[PDB]
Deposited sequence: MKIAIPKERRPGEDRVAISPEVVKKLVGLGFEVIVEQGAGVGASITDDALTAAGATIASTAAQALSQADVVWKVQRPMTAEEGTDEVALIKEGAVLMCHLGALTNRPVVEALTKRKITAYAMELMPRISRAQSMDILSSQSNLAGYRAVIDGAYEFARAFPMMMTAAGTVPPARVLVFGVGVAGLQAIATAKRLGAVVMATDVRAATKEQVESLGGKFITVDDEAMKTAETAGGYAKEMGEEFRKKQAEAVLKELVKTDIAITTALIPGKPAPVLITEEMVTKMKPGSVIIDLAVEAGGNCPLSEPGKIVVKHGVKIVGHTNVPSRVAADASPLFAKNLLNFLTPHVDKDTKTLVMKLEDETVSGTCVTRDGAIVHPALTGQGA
């Protein structure tokens, strides 16, 4: 009747799958909540904030998960091959809930299967209305979009808003968002509230409506229209990274050579190759007088807000299956969100694309 949350061990990860308010709800459901010491420090969540909420602190990940019936993590557990065998720390037959990156991480699913662990890959949450509150892709990408604007403004040597002053007028910055998904949408909104002239481009002609509702201008030869804007653009933000596929090239370095010195490019797709071939994971590349920034775990750059949201997504997914009167958890297998996220259970891999080498 124990749920455990370890500290994230993968490099670049500062989020944690828990928050004081979720600890309280979990305790209210009848759970004993165990958190590894310092697991939330990166997200501004102290051990004492956790214990005040009802959680108990374990000194290590092994002790935290030793007798846990349920384990909540942010990123998929590490296998012996990657260093620390976290999969081994999960009790055989236990339940794991996390962003498993299942589709592109067959080895982790196999490792979990050997220990007969039931794993729910949160990133596979079905796209149904009643599941939006359990959607981790949505909650994290939204913060990533906001963060993109903050990092761009930070690296930019000019101020974003137009300023009328006694010494003259400070022109507003011009921003061009590539890709109008959850992240792109928030980038537009944040770049807009900061005072910039915001442009946006996306192949899906259905996005123009959303861009305009936020006060942005949709760019309507096509590459010629984008280029005309790009050469005037101060901050270019790309957000097109389609899972299970290389990031689409949206800004060639030929185009970057046409940009104005001092410009900034935020490449949120650097992880999959980047929408700009010049971006490098975890670095800020200075080329042709342009800064090409490609930070690695953007939502982690907003860890303090990302963590509580991630914990809530998890809580919303688990809550419907808990009988707080008997203090028992029974994941209803017929529930669409359960069957949809389960990739392995009782020693059997259930996702069709992860049973062998394709």
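Problem set entry | Deposited-sequence stretches lacking C-alpha coordinates, listed in sequence order | Model skips 221-245, 384 of the deposited chain.
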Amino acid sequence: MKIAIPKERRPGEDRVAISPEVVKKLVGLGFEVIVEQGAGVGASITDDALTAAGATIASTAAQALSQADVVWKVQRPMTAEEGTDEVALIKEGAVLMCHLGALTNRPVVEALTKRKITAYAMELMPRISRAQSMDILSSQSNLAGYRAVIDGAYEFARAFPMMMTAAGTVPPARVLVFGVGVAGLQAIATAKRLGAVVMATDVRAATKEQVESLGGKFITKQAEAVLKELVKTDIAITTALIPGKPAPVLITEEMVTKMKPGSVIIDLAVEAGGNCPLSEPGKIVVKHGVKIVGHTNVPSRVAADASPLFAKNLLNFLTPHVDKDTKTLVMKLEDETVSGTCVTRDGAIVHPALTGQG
From here on, numbers count along this sequence of modelled residues.
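Definition used throughout: the rigid core is the maximal C-alpha set that superposes within 1.5 Å between two forms.
Problem set entry | Higher C-alpha RMS shift from the shown form in 7 other deposited structures of this protein - 288-296 or 327-335, rigid core fit | Between 288-296 and 327-335, the one lying farther away in 7 other deposited structures of this protein is 327-335.
Exercise. Do you reckon 115-123 or 205-213 strays further from the shown form in 7 other deposited structures of this protein, measuring C-alpha RMS after a core fit?
Worked result: So, of the two stretches, the farther one in 7 other deposited structures of this protein is 205-213.
Exercise. Averaged over C-alpha atoms, is the B-factor higher for 227-235 or for 190-198 in this PDB entry?
Worked result: According to the PDB entry, the answer is 227-235.
Exercise. Would 270-278 or 176-184 have the larger average of its C-alpha temperature factors, as given in the entry?
Worked result: Taking the mean B-factor of the alpha carbons in each, 270-278 is higher.
Exercise. Taking the Cα B-factors listed in the entry, which of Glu123, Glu110, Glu212, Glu155 comes out highest?
Worked result: Checking the PDB record, the top C-alpha B-factor among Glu123, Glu110, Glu212, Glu155 is at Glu212.
Exercise. Taking the Cα B-factors listed in the entry, which of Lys116, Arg76, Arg204, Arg106 comes out highest?
Worked result: Top of the list by C-alpha B-factor: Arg204.
For this session: Please place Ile90 in the lowest, middle or highest third of its chain by C-alpha B factor as given in the entry.
Result: Lowest third, going by the recorded CA B-factors of the chain.
For this session: Sorting the chain's modelled residues by C-alpha B-factor, tell me whether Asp151 ends up in the lowest, middle or highest third.
Result: Ranked within chain, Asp151 CA B lands in the middle tercile.
For this session: Would you check the entry's CA temperature factor for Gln132 and let me know if it's in the chain's lowest, middle or highest third?
Result: Middle third - that is where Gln132 ends up once the chain's C-alpha B-factors are sorted.
Problem set entry | Chain third (lowest, middle, highest) by recorded CA B-factor, residue given as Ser307 | It belongs to the lowest third of the chain when residues are ordered by C-alpha B-factor.
Exercise. Where does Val70 sit by CA temperature factor within its chain: lowest, middle or highest third?
Worked result: Lowest third - that is where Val70 ends up once the chain's C-alpha B-factors are sorted.
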